[PDB]
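Report on the structure
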Amino acid sequence: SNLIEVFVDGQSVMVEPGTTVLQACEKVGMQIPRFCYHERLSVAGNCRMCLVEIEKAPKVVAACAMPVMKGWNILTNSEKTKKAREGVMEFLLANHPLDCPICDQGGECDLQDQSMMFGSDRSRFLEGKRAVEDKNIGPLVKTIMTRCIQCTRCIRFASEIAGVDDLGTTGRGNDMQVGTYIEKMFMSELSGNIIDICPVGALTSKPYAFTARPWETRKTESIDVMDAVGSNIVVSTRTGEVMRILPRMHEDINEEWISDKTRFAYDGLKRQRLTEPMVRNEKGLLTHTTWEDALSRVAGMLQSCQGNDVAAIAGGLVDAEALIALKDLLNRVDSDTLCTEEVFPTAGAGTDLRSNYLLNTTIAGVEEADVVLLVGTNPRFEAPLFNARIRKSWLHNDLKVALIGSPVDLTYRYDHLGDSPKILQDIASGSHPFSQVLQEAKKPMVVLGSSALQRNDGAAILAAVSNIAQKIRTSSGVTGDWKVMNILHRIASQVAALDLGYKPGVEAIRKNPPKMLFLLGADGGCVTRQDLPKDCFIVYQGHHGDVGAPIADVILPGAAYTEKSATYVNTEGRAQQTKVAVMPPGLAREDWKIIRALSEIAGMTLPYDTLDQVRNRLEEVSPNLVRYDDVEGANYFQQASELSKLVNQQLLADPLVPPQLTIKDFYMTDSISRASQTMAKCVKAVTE
Amino acid sequence: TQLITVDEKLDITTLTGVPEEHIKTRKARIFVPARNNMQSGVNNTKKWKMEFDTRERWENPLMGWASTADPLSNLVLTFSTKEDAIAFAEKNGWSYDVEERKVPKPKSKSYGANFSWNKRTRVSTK
Amino acid sequence: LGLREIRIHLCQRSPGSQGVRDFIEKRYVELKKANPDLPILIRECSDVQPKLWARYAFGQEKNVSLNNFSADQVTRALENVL
Amino acid sequence: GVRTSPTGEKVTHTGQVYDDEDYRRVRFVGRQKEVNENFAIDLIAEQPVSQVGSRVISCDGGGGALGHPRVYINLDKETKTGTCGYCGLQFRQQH
Amino acid sequence: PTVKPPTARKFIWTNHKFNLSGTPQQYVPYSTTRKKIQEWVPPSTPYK
Amino acid sequence: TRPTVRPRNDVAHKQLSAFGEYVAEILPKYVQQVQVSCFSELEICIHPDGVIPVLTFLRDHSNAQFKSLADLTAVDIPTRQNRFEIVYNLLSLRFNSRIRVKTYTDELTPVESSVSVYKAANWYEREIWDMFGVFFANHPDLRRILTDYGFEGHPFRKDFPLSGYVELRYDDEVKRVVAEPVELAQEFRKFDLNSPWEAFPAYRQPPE
Amino acid sequence: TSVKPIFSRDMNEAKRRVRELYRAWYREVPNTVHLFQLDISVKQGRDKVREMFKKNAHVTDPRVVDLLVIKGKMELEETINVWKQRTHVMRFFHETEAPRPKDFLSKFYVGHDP
Ligand code: SF4
Ligand code: SF4
Ligand code: FES
Ligand SMILES: [Zn+2]
């Protein structure tokens, strides 16, 4: 029943049909050394390293692309296998320049490790050693093309994940220049992920370039921000401080890739940080002081201002722990007007009812999908990792991908349907050769973009797309259980705040201008001092305030996403705990620690001191927020759909368009990425 | 010689001498260390490292260094199975966070499928 | 003062949870229809005690269980709270 | 060849000069801040840009097994001189 | 060393001063490293 | 293969193999492993009850004299329930051979205090008690030697880190030397030197 | 499951040996505080001794109690000799702060100590 017998030097093992010699050899533990094969891409054979003497054959053959007949025996430790490895490793180091000091992959080479453990020692090839002059690929990626071993890995990565098709082989013989022919500065998404693909020191990071060499820096587990998916991030930290980051692998979500913004956000993280507790002064000015007088001022104002006149706009990148501490304090005083930053409707049970406010499908599970439509968004410029997943699906198996709302640069030949909610009404009616594909398909999926949800058509379009989900789920026999419906987001703390049951959108403070408010990561002009009485008392907490910090009354130096062992939530409910890497500069304390110290200084108390006690209260707010790296789906789609008929709202005819439309509006529109200068360098490289 | 023995738990934390501040305050984490993504080799897998969480590292005000009041900051304990890891962590007293092991998912790729006729899996370059 | 928020915690395999599943698949509409000022949150993770909680009156989380209860007794305890 | 910041002391060839609010200036009291008075970037314009009639040429460093290892650099950039990452001295082509 | 005195390098001091410890003119240590994280400088305009 | 690679003798290998098979056959009550490496030095791996009987056999019997006693250490291996490894090392005055009696033990149950037949084992056992905590019942005097008196922690374990928890300094407040929690002046950096790519194919353990 | 304990059968012999060890520490204290020319009242030293005994009263496993008895006997021997100096005996005490309390807000001022 679909097994193949091979002997790995006598040790028998079973092989699935169609696979390679190399996957079975890696199944028994033997890592055959490789240079061109990599599991996120297709199989080239151009590096020739994986030769292995397979018995009863005078010719020694490759192992990355060999079909596996029944009954092999694979001699890895023979004579001429070692002789072929010696020969190939001697061939690679001929036209490779003496740059191992000035390389940037000293600790992380591949020629160095494999030429120690497999190669010869006395070199040959006395004269010669041609050199290829470098190019200018992009100001984010430093490029030396003499060290290129022409292995054709970045080319396959481009043409099979990026879809950009700008890198190519030019020439013959020895002379194969790999790159772009036309002096074009190659700028696209995931171009930061090519420095991890290139196995030799030929494509390195430009802003990192010459600060450390990776044996000094220690590697630490953490969770991503700025995308609702969370590729698992390993920080290489140095000198009580940083050096760089890399992506490590979760199997399901965000496999071996990472965002360009994520990769190049740490510069703005270390650029303009809020450091001290800052209080206004009798001239009208802003200075800094000790924690005593500042927290006493905030505590006295909190005692002498009560009612519903106390607000908290919690946007940006904050914790679940900080939100639970804030909710404990604010319910402990009298009442609340917590709000988030972005707007999400609550008519058809959007706050509660676990289905209708997260991505209910599995991010790995969209590869098993059949037909997906896509109501207005731009996933190349809104969390590009999910777009890489969609292109992985569309490349390997078969999809039918539709886009409704804006002609944008999705590089994988989408079918566009138009820009009108009345077209969604037609699909609901619905006369198409494609709505037939929806209601007669096997596994249907509708992806909601949240950029079309921050308009004034949230409840009606949400109810209409939920009625589409009800329609196709009750039809087509699908499956059970499995779902058409999922939505996306952009900001992780918004999803965590919806999970903690908050009030999304600042409309409660548009209704109620307060006496007091806490701006926890207020990015821009969510509210003003004009829309509120002139004795505002904002307490703006965070790091590198650019807007809001000139709107300052009481500034608290809130921590960052690398500076605390907090818990974040992705878009599909999987709670993932962050870890401490670098302590915050300045004083710059911890967020929930600031909240409990504020409750201590005020004439009250809160029943927690430790992060274990904070985890206990987070458990008693939600039980799935302690089961870290654990996922479990949602249900009650028909209940959410029949509750989506309470306020039957009209639908506009105006063309819906996302704000995230191009390169610069992907780069700039976050706080920490807005801080940095290397993002400004690549933005002016786009415009110039 | 066939003496008292009773089937119970272990309490070595009253013997190993590290103070109770570091016992109850600091938290352990058990994980297989991920593959350092720039290389692609998983000999750095197959081990279960036990680490402690990071803490404050200020500036040394004369040379520009990262001093710390953390003796336990540079511990690592490479193990072979999750069971003995959890058993040792519960034996020596402090708390621990278990992250689960994630293998690379087996795939289905072929060069002939990269040379398709009417399937969209096409190399488009070579 | 009066009730502010109601918390429901359920799972996929428990008979009391099965009864509260039949409650939440039959009789959700009358509560929110009669009371739109109560964001009654519903939670599903994998396996948890089927708990019915109520947060109101200056920070009071009042606590009952819906372990191995019939759905009419569940609605009885729900009206007992509200 | 040094700047003088408004703090009033010698600056270095790294942008590390002090602020007025510092105590490390006053721990420099009584003992001079010794610095190399022969900087690095200024000794690049002093070196003449050599012009070699070949195309893909060599750099060793003035001595067999005394210096930095061999590196062969290209001159395909028509207006930009080839720059050894080790040496720091330039090259041109003359057809 | 007057048989072959010199060397052909243009950086050698003309002094080789003796051990200058216990003086007003001797070494002090300091970290040759720039700003850590560039602390936030607020906008100095006044409101209200 | 012959120049600059050390040749060996299979004759000594066969001699130690036959001798270890003989000892394994004639003391069956406690023998678990008799392993011989490539360069012919014997290892005998023993349950922690036959310490006194096996050492009384191995001191005598005129086929294995082995009067000379050497090292004792209990190599701290986690991922086990029996953590510590008591390693007796024995040298024969009459036969010129080295046997390593590795008996296994856990954290809290004593092995049976080999000082009764080995007068060299006294400060060895006191050293192992001081650095580890392997208790030795039926022993004359167990004290702390090679550590400070007021210091505790059993520092040669793996749970004890590199730097100590305490650090002395003199102070003129109470006019004496006091201990404080450790305030390092530098990090003791940690180089991730465990490179991949399987430098020895013969010692591959079977993965799961 | 075969486990060979040190001395114990139940906790009765544990109680017996630990009360005899405390009697030995009681008649150990005044001779040492007179011999080392120390600077601490006898009441304070005896109260810190019984406080150190009352720290580890939460252990019911008898092997652990046996090993505690053996450690206390070792240090009672090494202090009833003149082998340990003034430094180690003062090191048992804490007269040099070490001021750190367990308040939340106190650890919130001097931060990053949760
Ligand atoms: S640039 Fe790097 S990845 Fe691309 S072919 Fe050259 S060596 Fe391979
Ligand atoms: S990539 Fe080339 S230059 Fe860089 S370390 Fe490896 S062998 Fe040396
Ligand atoms: S790995 Fe098979 S040839 Fe490159
Ligand atoms: Zn050079």
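In its metadata, the entry names cryo-EM as the structure determination method and reports 6.2 Å as the resolution.

Some thoughts on the overall build of chain A
Looking only at helices and strands, chain A has 20 helices and 25 strands in total. Its C-alpha atoms give chain A a radius of gyration of 28 Å, near enough to 26 Å, the size a compact globule of 688 residues would have. Once the C-alpha set of chain A is aligned to its principal axes, its extents read approximately 90 × 65 × 50 Å.

Section: the interface of chain B and chain F
Listed as interface residues are 13 residues of chain B and, on the opposing side, 15 residues of chain F. Here the side of chain B that touches chain F is composed, by residue class, of five nonpolar, seven polar and one charged.

Topic: the sheet that holds strand 4 (residues 95-98) of chain B
Residues and elements named next belong to chain B. The mixed open sheet is built from four strands, whose spatial order is 3-2-1-4. If you trace the sheet from one side to the other, it starts and ends with strand 3 (77-79) and strand 4, each paired once. Strand-to-strand, the axes of this sheet are offset by a mean angle of 25°, without reference to chain direction. With four bridges joining them, strand 1 (residues 27-31) and strand 4 adopt parallel strand pairing. Following the sheet pairing, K27 is matched in strand 4 by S95.

So, the interface of chain A and chain B
Residue-level contacts link 11 residues of chain A with 14 residues of chain B. Residues of the side of chain A that touches chain B, tallied by class, amount to five nonpolar, three polar and three charged.

Focus on the environment of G17 of chain B
Tracing the backbone shows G17 of chain B in the segment before helix 1 (20-24). Ignoring any residue separated from it by four or fewer positions in sequence, one finds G17 of chain B in contact with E152 and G153 of chain F.

Description of the domain arrangement of chain A
Domain parsing of chain A yields domain 1 (1-212), domain 2 (213-270 + 667-688), domain 3 (271-342 + 491-632) and domain 4 (343-490 + 633-666). Distance between the C-alpha centres of domain 1 of chain A and domain 2 of chain A: 26 Å.

A few points about the sheet that holds strand 12 (residues 278-281) of chain A
Residue and element names in this part refer to chain A. Pairing in this open sheet of seven strands is mixed, and the strands run 13-12-23-22-21-14-15 from one edge to the other. With one partner strand each, in any of the chains shown, strand 13 (285-288) and strand 15 (337-339) form the two edges of the open sheet. Here the average twist between neighbouring strands, direction ignored, is 20°. Relative to strand 21 (residues 516-520), strand 14 (residues 310-314) runs parallel, the two being bridged by five bridges. Along strand 21, the bridge assignment pairs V310 with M516.

So, the pairing of strand 2 (residues 48-52) of chain B
One ladder, built from four bridges, connects strand 1 of chain B with strand 2 of chain B; its direction is antiparallel. Looking at strand 2 of chain B, one finds that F31 of chain B is bridged to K49 of chain B.

A word on the packing of helix 8 (residues 320-333) of chain A against helix 15 (residues 591-601) of chain A
Residues and elements named next belong to chain A. Close contact between helix 8 and helix 15 brings their axes to 8 Å; oriented N to C, the two are set at 15°. Regarding the angle of helix 8 to helix 15, the classification is roughly parallel. For helix 8 against helix 15, the interelement crossing comes out left-handed. From helix 8, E321, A322 and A325 reach across to helix 15, where they touch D591, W592 and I595.

Overview of unusual backbone geometry
A cis geometry characterises the amide bond from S429 of chain A onward to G430 of chain A, with omega recorded as -20°. Backbone torsion omega between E97 of chain G and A98 of chain G reads 0°, so that peptide bond is classified as cis. With respect to the helices, strands and loops of the structure, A98 of chain G is situated in the loop between helix 5 (86-92) and helix 6 (104-109). Phi at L353 of chain A takes a positive value of approximately 60°, unusual for a residue other than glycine. Position of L353 of chain A relative to the elements: it lies in the loop between strand 15 and strand 16 (371-375). Positioned with a positive phi, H112 of chain G is a non-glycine residue whose angle comes to about 60°. Inspection of the secondary structure puts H112 of chain G in the segment after helix 6.

Some points on the environment of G119 of chain A
Residues and elements named next belong to chain A. Of note, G119 is situated in the loop between helix 3 (111-118) and strand 5 (141-143). Linking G119 and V88, residues 31 residues apart in sequence, is a C-alpha distance of 8.4 Å. When neighbours within four sequence positions are excluded, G119 is seen to be in contact with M89 and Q114.

Conventions adopted
- Residues numbered from 1 in each chain as written, not as in the entry; some residues may be left out.
- Chains lettered and ligands numbered in written order.
- Part of a larger assembly, values for the part shown.
- Heavy atoms only, no water.
- Residues with missing side-chain atoms left out of burial classes, pairs and counts.
- Helix = DSSP H or I, 4+ residues; strand = E, 2+ residues; numbered from the N terminus.
- Rg over C-alpha atoms; globule rule 2.2 N^0.38 Å.
- Contact = heavy atoms within 4.5 Å.
- Nonpolar A, V, L, I, M, F, W, Y, C, P; charged D, E, K, R; others polar.
- Pairing = 2+ DSSP bridges.
- Axes fitted to C-alpha atoms, helices over the stretch in contact; angles between N-to-C directions.
- Domains from an automatic or database assignment.
- Parallel < 35°, antiparallel > 145°, perpendicular 65-115°, else oblique.
- Left-handed = near helix turned anticlockwise from the far one by under 90°.

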